[PDB]
Every structure is written in structure tokens, then in C-alpha cells.
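# coords please:
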Amino acid sequence: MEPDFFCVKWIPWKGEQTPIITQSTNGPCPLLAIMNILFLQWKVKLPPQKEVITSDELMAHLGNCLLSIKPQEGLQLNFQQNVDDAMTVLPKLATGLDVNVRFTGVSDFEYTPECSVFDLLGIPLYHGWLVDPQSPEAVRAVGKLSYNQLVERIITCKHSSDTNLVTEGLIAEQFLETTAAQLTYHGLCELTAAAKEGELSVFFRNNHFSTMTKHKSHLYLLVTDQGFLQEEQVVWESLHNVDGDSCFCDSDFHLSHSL
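Residues are numbered from 1 along each chain as shown. Now the structure:
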């Protein structure tokens, strides 16, 4: 109930009573997105008694998990740096992380130190925010620029003497006005296609981090919402429609219905 305390839903996962962390805040900290993936993979175990958990608790669990990862062609020297780099930006996942997306593919983002937690834990970060290839106008306008970059450029555009840069200026502005809930249809398709069937990942949209997976060839996000705390029958929520209706499922990915 209080601000760095979170509630522990217990749910029958791959045979066993498994914990999962619920947030009503729906913030921009990835800790739960990552942590939930870990509890699901059973890399972290909570005593069954357990009801609430602190940030500081999760944070410990995560640090020991990272320092516990056995090395394995991969990065050689780049591994050991990767660990130290993870360790040095580890205390920032608490306070939550700004992500600068690229519109160019579901896996592309401007690299930041926080990306090392994900990269090391074998967790992919994906996003849905892709510029469609049906509008060659806008693909070229936005181009290979980053988001925080696009806004910089849009502004230096409104002020250019070349009118063509105010054309691109207004095109790029347009795409952001239109695609502002940050999942294009194109995004969804590409991202559906792209995730490994079965594998747990982290889905970014509207400064929010979610735990994702692919199943029977569609996407589902784990239900961190706290309202559905009592309801174990409620775990996954479909991500089939870009904007529309969700069908809640039990851990076995079959339909469930709330009290």
C-alpha cells in the first residue's frame, strides 16, 4: 500500500506456486518488469508466507542475481566490463529510467548504461514505436534519428531557411502527433514476428515497462495491475490488438473471468 512497498500475487506457474509483484503506480521504473521475469524464471525465491516486498529487497535480489551470472563465443573482456558496467548503474533501476527509442526496428534504442542489466540477464528490451514503410515521406523525415533527437531536430527545423527542412520538420512533427500512443500497427507486427516463441522479454510504451512473452504465436503481457490481486486466474493479458480489447488468461494461457 505505501510508496516503496509492493504486493505479492502467488500464482501457479509451470507446476509451482510462484510469486509476481503488483504495482498500482504504473511508473517509469523497470525494476518490476525485470524482477517479475526473474521470479518467473525462478532465479529468485520468496518464502511462501510472503505478502509485501520493498524496493530495497528486490534491489538486493537483482544485484545478487547479476553477480551470480556464470560467463559463457561471447564477450570475453567485454563480459567482465559488462558486469562492472551493470554493477555501476545498478542503483538507478529503483528511480526508473528514461528511454530514447529509435523508430527503425523494435530492438533499437539509444544505448544507456541501464541497458547492461537487461543485456547481462539475457532479457531483451523491445518497443512498438515504428515508422511505417507505406509512408516513404515520413521514413526519410524521421530517418535513423533517435527520439529525444527527433524533437531537437523538429525545432531546429521550424527555424530553417531551407523550406525542405520545414517540410521534414512538419512531417516528423505529424508522425509524433499521430503515433503518440507509442505502438504503430507496423510496430506490433514486427514485434510479434520478432520475439522468440516462449521467451520472456520487456516491452516499453508510454514511459512504462511491462513483462512480455510470445505464446501460440501472439504476444501477451503479465498483469502487474494490483486490482486483480485476488484473481490467480488473471495473469496474462493479450497484446493482439494495437488498441482494442484484452482477454485475460490463467498461467496456462487459457481464458479466465474476474469475480
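# how many neighbours does the residue nearest to residue 103 when sequence neighbours are not counted have?
Distance criterion C-beta to C-beta, 6 or more residues apart in numbering; nearest residue to residue 103, sequence neighbours excluded, is residue 131 at 4.3 Å. Bear in mind the C-beta positions are built from the backbone N, C-alpha and C, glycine included. Using other C-beta atoms under 10 Å, residue 131 has 23 neighbouring residues.
# same check, this time on residue 99
If we define neighbours as other C-beta under 10 Å, then residue 99 has 18 of them.
# Quick one: residues contacting it.
109, 112, 125, 127, 204, 207 (C-beta atoms under 8 Å, 6 or more residues apart in numbering).
# Just give me the closest of those to residue 23.
Minimum distance to residue 23 across those is 13.8 Å, recorded for residue 207 (C-beta to C-beta).
# Please report how far that closest one lies from residue 100.
Applying C-beta to C-beta, to the nearest Å, the value for residue 207 to residue 100 is 11 Å.
# now do residue 246
For residue 246, the distance to residue 100 - C-beta to C-beta - is 28 Å.
# what are the bridge partners for the nearest residue to residue 247 once chain neighbours are set aside, then?
Of all residues not flanking residue 247 in the chain, residue 238 sits nearest, at 5.0 Å (C-beta to C-beta, 6+ apart). Beta-bridge partners for residue 238, by DSSP bridges, are residue 220.
# What ranges does the stretch 101-250 of the chain have for its strands?
125-127, 200-205, 208-215, 218-222, 236-238, 248-249 (DSSP state E, counting those that start in this stretch).
# residues contacting the residue nearest the centre of the chain?
Computing the C-alpha centroid of the chain and ranking residues by C-alpha atoms, centre = their mean puts residue 203 first, at 2.7 Å. By C-beta under 8 Å, 6+ apart, the residues touching residue 203 are 126, 127, 128, 191, 209, 210, 211, 212, 219, 221, 239.
# could you redo the last one with a cut-off of 6 Å?
126, 210, 212 (C-beta atoms under 6 Å, 6 or more residues apart in numbering).
# Nearest to residue 230, out of those residues: which one, please.
For the contacts of residue 203, the nearest to residue 230 is residue 210 (21.2 Å; C-beta to C-beta).
# and that closest one, how far is that from residue 183?
Between residue 210 and residue 183 the distance is 11 Å, computed by C-beta to C-beta.
# Need the outlier residue of this structure, farthest from its centre.
Distance from the centre of the chain peaks at residue 161, with 39.8 Å (C-alpha atoms, centre = their mean).
# which outside residues touch the longest helix anywhere in the chain?
Of all the segments of type helix in the chain, defined by DSSP state H, the longest one is helix 164-178. Residues outside helix 164-178 that contact it (C-beta under 6 Å, 6+ apart) are 137, 138, 141, 142, 150, 154, 157, 158, 160.
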